[PDB]
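Colleague: Mind looking over this structure? Questions follow.
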Amino acid sequence: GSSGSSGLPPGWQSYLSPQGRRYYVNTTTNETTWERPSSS
């Protein structure tokens with residue numbers, strides 16, 4: 001089943017995989033995540 005994050009906090013960026021998928025990545029913490037901005 002589908003599992004992600006409806007909305008994201010003001011600071012995280014939203015990118016797309018080289019295949020079509022969608023993922024997120026932090027610019028400050030520089031941490032890679034999956035459709036979920038793992039704030040820290």
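Convention: chains lettered A, B, ... in structure tokens order; per-chain residue numbering from 1; ligands numbered from 1 as shown.
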Residue A:40: which residues within 12 Å, counting only C-alpha atoms, same-chain residues fewer than 4 positions away excluded, as a list in words?
Modeller: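 So, after excluding close chain neighbours, the residues are residues 9, 11, 12, 26, 28, 29, 30 and 31 of chain A.
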Colleague: With N, CA and C atoms retained, export the selected residues as a CSV table (one decimal), in the first residue's frame.
Modeller:
```csv
chain,number,residue,atom,x,y,z
A,9,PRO,N,7.1,20.1,6.1
A,9,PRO,CA,7.4,21.3,6.8
A,9,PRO,C,8.1,22.3,5.9
A,11,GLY,N,10.9,24.0,4.7
A,11,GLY,CA,12.3,23.9,4.8
A,11,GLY,C,12.8,22.7,4.0
A,12,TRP,N,12.0,21.6,3.9
A,12,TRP,CA,12.4,20.4,3.2
A,12,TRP,C,12.1,20.6,1.7
A,26,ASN,N,17.1,16.8,2.4
A,26,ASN,CA,17.4,18.0,3.2
A,26,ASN,C,18.6,18.7,2.6
A,28,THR,N,20.2,21.4,4.4
A,28,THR,CA,21.0,21.7,5.6
A,28,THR,C,21.6,20.5,6.2
A,29,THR,N,20.8,19.6,6.6
A,29,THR,CA,21.3,18.3,7.2
A,29,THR,C,21.8,17.4,6.1
A,30,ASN,N,21.4,17.6,4.9
A,30,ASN,CA,21.9,16.8,3.8
A,30,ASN,C,21.6,15.3,4.0
A,31,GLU,N,20.4,15.0,4.3
A,31,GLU,CA,20.0,13.7,4.6
A,31,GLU,C,18.9,13.2,3.6
```
Colleague: Report the distance between atom CA of residue A:19 and atom CA of residue A:1 in Å, rounded to one decimal place.
Modeller: 19.4 Å
Colleague: Report as a list in words all protein, DNA and RNA residues lying within 10 Å of residue A:24, evaluated on only C-alpha atoms, omitting residues in the same chain fewer than 5 positions from it.
Modeller: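 Residues meeting the cut-off are residues 8, 12, 13, 14, 15, 16, 17, 31, 32, 33, 34, 35, 36, 37 and 38 of chain A.
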Colleague: Create the file for the chosen residues now, containing C-alpha atoms and written as a short mmCIF file (atom, residue, chain, number, x, y, z; two decimals), in the first residue's frame.
Modeller:
```cif
data_model
loop_
_atom_site.label_atom_id
_atom_site.label_comp_id
_atom_site.auth_asym_id
_atom_site.auth_seq_id
_atom_site.Cartn_x
_atom_site.Cartn_y
_atom_site.Cartn_z
CA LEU A 8 5.90 18.69 4.45
CA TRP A 12 12.43 20.44 3.15
CA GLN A 13 12.80 20.05 -0.61
CA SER A 14 10.90 17.69 -2.91
CA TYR A 15 12.76 15.91 -5.71
CA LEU A 16 12.01 13.07 -8.13
CA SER A 17 13.91 9.84 -8.77
CA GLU A 31 19.96 13.66 4.59
CA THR A 32 18.24 11.44 2.03
CA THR A 33 14.71 10.21 2.72
CA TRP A 34 11.73 8.58 1.01
CA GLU A 35 8.66 10.78 0.56
CA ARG A 36 9.17 11.75 4.20
CA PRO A 37 11.18 14.74 5.50
CA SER A 38 12.94 13.20 8.50
#
```
Colleague: From a backbone DSSP assignment, name each residue in chain A labelled strand (DSSP E or B), as a ChimeraX atom specification.
Modeller: /A:10,12-16,22-25,32-33
